[PDB]
$ cat start-v8.txt   # compact mmCIF, C-alpha atoms
# COMPACT_ATOMS: atom_id res chain seq x y z
CA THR A 29 41.91 17.74 15.99
CA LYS A 30 39.94 20.59 14.44
CA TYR A 31 36.82 22.06 16.10
CA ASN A 32 35.09 24.41 13.67
CA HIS A 33 31.51 25.55 13.05
CA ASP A 34 30.55 22.47 10.99
CA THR A 35 31.80 19.88 13.53
CA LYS A 36 29.89 21.73 16.25
CA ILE A 37 26.51 21.88 14.53
CA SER A 38 26.67 18.21 13.57
CA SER A 39 27.53 17.08 17.08
CA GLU A 40 24.63 19.18 18.39
CA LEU A 41 22.20 17.54 15.93
CA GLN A 42 23.44 14.13 17.00
CA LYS A 43 22.49 15.21 20.52
CA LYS A 44 19.00 16.46 19.49
CA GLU A 45 18.61 13.08 17.80
CA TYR A 46 19.60 11.30 21.01
CA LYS A 47 17.17 13.54 22.99
CA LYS A 48 14.60 12.36 20.43
CA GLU A 49 13.60 15.86 19.34
CA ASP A 50 11.70 16.35 16.07
CA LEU A 51 14.25 17.50 13.54
CA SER A 52 11.59 18.09 10.88
CA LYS A 53 10.76 21.29 12.74
CA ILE A 54 14.26 22.62 12.26
CA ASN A 55 14.30 21.66 8.62
CA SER A 56 11.22 20.39 6.81
CA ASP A 57 13.59 18.68 4.31
CA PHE A 58 14.59 16.17 7.01
CA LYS A 59 13.75 12.60 6.07
CA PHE A 60 15.54 10.28 8.54
CA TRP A 61 18.64 9.67 10.63
CA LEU A 62 21.57 7.76 9.10
CA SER A 63 24.40 5.92 10.83
CA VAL A 64 26.93 3.32 9.79
CA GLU A 65 28.34 0.76 12.22
CA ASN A 66 31.96 1.18 13.32
CA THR A 67 32.18 4.65 11.82
CA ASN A 68 31.31 8.19 12.85
CA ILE A 69 28.76 8.41 10.08
CA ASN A 70 25.84 9.37 12.24
CA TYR A 71 24.07 12.30 10.63
CA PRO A 72 20.74 13.73 9.55
CA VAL A 73 19.49 13.07 6.00
CA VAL A 74 17.53 15.68 4.10
CA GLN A 75 15.99 15.96 0.63
CA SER A 76 15.69 18.92 -1.75
CA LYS A 77 14.05 19.23 -5.16
CA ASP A 78 17.47 18.57 -6.73
CA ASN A 79 20.78 16.80 -6.10
CA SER A 80 22.77 19.96 -5.61
CA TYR A 81 21.24 22.24 -2.98
CA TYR A 82 22.65 20.63 0.10
CA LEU A 83 26.15 20.25 -1.31
CA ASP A 84 27.07 23.56 0.29
CA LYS A 85 24.34 24.15 2.89
CA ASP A 86 24.27 22.97 6.52
CA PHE A 87 21.16 21.51 8.18
CA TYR A 88 20.09 25.05 9.04
CA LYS A 89 20.32 26.06 5.37
CA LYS A 90 23.35 28.32 5.94
CA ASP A 91 26.57 28.00 3.91
CA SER A 92 28.80 25.09 4.80
CA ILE A 93 31.51 23.28 2.91
CA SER A 94 30.45 20.19 4.82
CA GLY A 95 26.95 20.41 3.38
CA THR A 96 24.27 18.09 4.74
CA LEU A 97 23.77 14.43 3.92
CA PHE A 98 21.03 14.37 1.31
CA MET A 99 18.96 11.77 -0.51
CA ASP A 100 18.49 11.65 -4.27
CA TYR A 101 15.51 13.83 -5.22
CA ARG A 102 14.05 11.01 -7.25
CA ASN A 103 13.56 8.89 -4.13
CA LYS A 104 9.96 8.63 -2.94
CA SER A 105 9.44 6.01 -0.22
CA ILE A 106 11.40 3.77 2.18
CA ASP A 107 10.29 1.07 -0.26
CA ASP A 108 12.30 2.46 -3.15
CA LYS A 109 14.55 -0.25 -4.52
CA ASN A 110 17.74 1.80 -4.39
CA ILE A 111 17.79 4.53 -1.80
CA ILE A 112 20.66 6.84 -2.71
CA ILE A 113 22.29 9.18 -0.22
CA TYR A 114 25.05 11.71 -1.03
CA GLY A 115 27.66 13.29 1.27
CA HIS A 116 31.17 14.79 1.16
CA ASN A 117 34.66 13.32 1.60
CA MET A 118 35.78 15.91 4.14
CA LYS A 119 39.43 16.24 5.06
CA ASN A 120 38.89 16.35 8.82
CA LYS A 121 37.38 12.85 8.51
CA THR A 122 33.70 13.83 8.74
CA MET A 123 30.52 13.26 6.71
CA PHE A 124 31.12 10.43 4.20
CA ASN A 125 34.90 10.30 4.73
CA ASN A 126 34.58 7.05 6.63
CA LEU A 127 33.23 5.35 3.54
CA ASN A 128 36.94 4.93 2.84
CA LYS A 129 37.19 2.53 5.78
CA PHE A 130 35.37 0.14 3.49
CA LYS A 131 38.51 0.07 1.36
CA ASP A 132 40.02 -2.10 4.07
CA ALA A 133 39.36 -5.75 3.12
CA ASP A 134 39.19 -6.97 6.70
CA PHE A 135 36.90 -4.15 7.74
CA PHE A 136 34.65 -4.98 4.79
CA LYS A 137 34.66 -8.66 5.75
CA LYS A 138 33.14 -7.69 9.11
CA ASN A 139 29.44 -6.92 8.95
CA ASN A 140 28.97 -3.21 9.25
CA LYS A 141 25.32 -2.45 8.78
CA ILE A 142 23.83 0.79 7.49
CA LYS A 143 21.10 2.03 9.79
CA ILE A 144 18.28 4.29 8.65
CA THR A 145 16.15 5.43 11.56
CA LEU A 146 12.76 6.74 10.61
CA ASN A 147 9.57 7.42 12.62
CA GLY A 148 10.83 5.38 15.54
CA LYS A 149 11.70 2.49 13.19
CA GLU A 150 15.16 1.06 12.49
CA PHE A 151 15.98 -0.25 9.04
CA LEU A 152 19.19 -2.30 8.81
CA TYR A 153 20.97 -2.78 5.50
CA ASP A 154 23.96 -5.18 5.36
CA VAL A 155 26.83 -3.83 3.29
CA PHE A 156 27.67 -6.15 0.40
CA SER A 157 29.62 -4.00 -2.06
CA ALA A 158 32.14 -1.15 -1.77
CA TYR A 159 34.29 0.47 -4.43
CA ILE A 160 35.72 3.63 -6.02
CA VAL A 161 34.65 5.04 -9.39
CA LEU A 168 23.42 5.39 -9.59
CA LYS A 169 19.80 4.57 -10.57
CA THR A 170 16.78 5.05 -8.29
CA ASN A 171 14.20 4.02 -10.87
CA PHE A 172 13.86 0.58 -12.53
CA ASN A 173 11.19 -0.12 -15.14
CA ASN A 174 11.01 -3.76 -14.14
CA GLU A 175 12.73 -6.64 -12.30
CA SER A 176 15.13 -7.38 -15.15
CA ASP A 177 16.69 -3.91 -15.02
CA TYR A 178 16.78 -4.19 -11.27
CA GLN A 179 18.43 -7.59 -11.16
CA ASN A 180 20.95 -6.32 -13.75
CA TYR A 181 21.71 -3.36 -11.50
CA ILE A 182 22.37 -5.72 -8.65
CA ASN A 183 24.70 -7.88 -10.78
CA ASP A 184 26.32 -4.70 -12.07
CA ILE A 185 27.16 -3.27 -8.63
CA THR A 186 27.86 -6.69 -7.04
CA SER A 187 30.74 -7.39 -9.39
CA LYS A 188 32.10 -3.83 -9.19
CA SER A 189 32.89 -4.62 -5.56
CA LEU A 190 36.54 -4.59 -4.51
CA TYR A 191 35.78 -7.67 -2.42
CA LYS A 192 33.41 -10.58 -2.78
CA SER A 193 30.89 -10.43 0.09
CA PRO A 194 29.60 -13.39 2.08
CA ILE A 195 26.28 -11.47 1.84
CA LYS A 196 24.37 -12.50 -1.28
CA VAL A 197 21.71 -10.32 -2.90
CA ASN A 198 18.76 -10.46 -5.30
CA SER A 199 15.69 -8.61 -6.61
CA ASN A 200 13.64 -9.38 -3.51
CA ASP A 201 15.93 -7.25 -1.36
CA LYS A 202 15.91 -3.46 -1.08
CA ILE A 203 19.21 -1.61 -1.57
CA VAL A 204 20.67 1.55 0.00
CA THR A 205 23.54 3.37 -1.62
CA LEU A 206 25.99 5.65 0.17
CA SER A 207 27.94 7.70 -2.34
CA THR A 208 30.44 10.56 -2.06
CA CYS A 209 30.35 13.79 -4.02
CA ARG A 217 34.65 9.07 -5.35
CA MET A 218 33.93 6.30 -2.77
CA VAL A 219 30.69 4.22 -2.92
CA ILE A 220 29.01 1.47 -0.84
CA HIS A 221 25.81 -0.55 -1.14
CA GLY A 222 23.69 -2.18 1.54
CA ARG A 223 20.86 -4.70 1.29
CA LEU A 224 17.75 -5.29 3.38

$ encode --input "start-v8.txt" --output "structure tokens"
Amino acid sequence: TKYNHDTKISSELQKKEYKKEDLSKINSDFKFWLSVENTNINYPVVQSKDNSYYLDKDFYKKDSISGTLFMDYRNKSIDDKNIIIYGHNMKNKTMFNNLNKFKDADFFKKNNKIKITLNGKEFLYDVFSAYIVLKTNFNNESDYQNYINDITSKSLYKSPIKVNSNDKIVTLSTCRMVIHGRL
């Protein structure tokens, strides 16, 4: 078990989160907290003006090979139809490494929910597709519904959770393992 600077910072932020401190004041790019059931994915999510900045920058905007979990710069509101979050596949089993657990059929069968926590509100998304291999914007419902069909059938396993254009979707992607939730 490796204790290094990255693992320390992230466990401290988890604690500030539990002590309900305002993390915006540490980094104005903070958007919400993210956790995934039955994993150690339990991190802060930030947003830059691009999809690159926080690849190599910790929550304090110092260098880090762990980066910070960040949301696609195109995302606007919690009501976006696909909220996309990116994070790394770290070797010490941190960040988005545990997305791999969704490779396990039985694990997948279970209902592990993705939990966005924002402004004292909890948004639960039920995972319904996972696989190894990205749109935030849809011009209308047709494109959307096609996106849903597209990613539903890319799933390694058929989900008992069914999904359509009246649901909102979250997408946890590594930067290649990928999973989609539905609200």

$ residues_near_point --input "start-v8.txt" --point "(22.4, -12.9, -0.3)" --cutoff "10 Å" --atoms "only C-alpha atoms" --output "list in words"
residues 154, 156, 193, 194, 195, 196, 197, 198, 200, 201, 223 and 224 of chain A

$ closest_residue --input "start-v8.txt" --among "A:90, A:143, A:129, A:116" --to "residue 207 of chain A" --atoms "all atoms listed in the file"
A:116

$ closest_atom_pairs --input "start-v8.txt" --of "segment 90-207 of chain A" --to "segment 61-71 of chain A" --cutoff "7 Å" --atoms "only C-alpha atoms" --output "JSON lines"
{"residue": "A:123", "atom": "CA", "partner": "A:69", "partner_atom": "CA", "distance": 6.2}
{"residue": "A:124", "atom": "CA", "partner": "A:69", "partner_atom": "CA", "distance": 6.7}
{"residue": "A:126", "atom": "CA", "partner": "A:67", "partner_atom": "CA", "distance": 6.2}
{"residue": "A:140", "atom": "CA", "partner": "A:65", "partner_atom": "CA", "distance": 5.0}
{"residue": "A:141", "atom": "CA", "partner": "A:65", "partner_atom": "CA", "distance": 5.6}
{"residue": "A:142", "atom": "CA", "partner": "A:64", "partner_atom": "CA", "distance": 4.6}
{"residue": "A:143", "atom": "CA", "partner": "A:63", "partner_atom": "CA", "distance": 5.2}
{"residue": "A:144", "atom": "CA", "partner": "A:62", "partner_atom": "CA", "distance": 4.8}
{"residue": "A:145", "atom": "CA", "partner": "A:61", "partner_atom": "CA", "distance": 5.0}
{"residue": "A:146", "atom": "CA", "partner": "A:61", "partner_atom": "CA", "distance": 6.6}

$ closest_residue --input "start-v8.txt" --among "A:171, A:204, A:181, A:31" --to "residue 151 of chain A" --atoms "only C-alpha atoms"
A:204

$ closest_residue --input "start-v8.txt" --among "A:108, A:78, A:100, A:132" --to "residue 172 of chain A" --atoms "all atoms listed in the file"
A:108

$ closest_residue --input "start-v8.txt" --among "A:109, A:161, A:95, A:60" --to "residue 122 of chain A" --atoms "all atoms listed in the file"
A:95

$ atom_distance --input "start-v8.txt" --atom1 "atom CA of residue 97 of chain A" --atom2 "atom CA of residue 85 of chain A"
9.8 Å

$ closest_residue --input "start-v8.txt" --among "A:175, A:107, A:49, A:86" --to "residue 34 of chain A" --atoms "all atoms listed in the file"
A:86
